[PDB]
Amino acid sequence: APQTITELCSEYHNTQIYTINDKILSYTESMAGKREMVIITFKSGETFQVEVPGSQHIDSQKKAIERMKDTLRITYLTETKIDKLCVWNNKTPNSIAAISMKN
């Protein structure tokens, strides 16, 4: 298996690593139907989403999507600094695949 977020992100088409080194500026959460998603921003001006579950996802991703949203909320609430994100850049806003945090 991969040993770092970069190694992992490189295993996928249409991804890139963003170097964030910052806490989340804003957290947005929706339970509106067809828009069950989370959006985060940073003071850098970047916006990212956890996508609505959809037919591009495989069954093993369902719990992982929910875990990612849980991680983003508690990261936000604790002002925990994020190191890097692995995103898919064929979505607007870019779509989160992985997160790393360092202390």
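Residue positions are given as counts along the sequence shown, with the first one as 1.
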Highest mean C-alpha temperature factor of the two stretches 62-70 and 27-35, which is it?
27-35
Mean CA B-factor: is it higher for 37-45 or for 71-79?
37-45
Against its chain's modelled residues, does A1's Cα B factor rank lowest, middle or highest third?
highest
Pull the Cα B-factor of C86 out of the PDB entry and bin it into the chain's lowest, middle or highest third.
lowest
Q16: CA temperature factor from the record, placed by chain third, in the middle
Report the third (lowest, middle or highest) to which the CA temperature factor of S95 belongs, ranking only the modelled residues of the same chain.
lowest
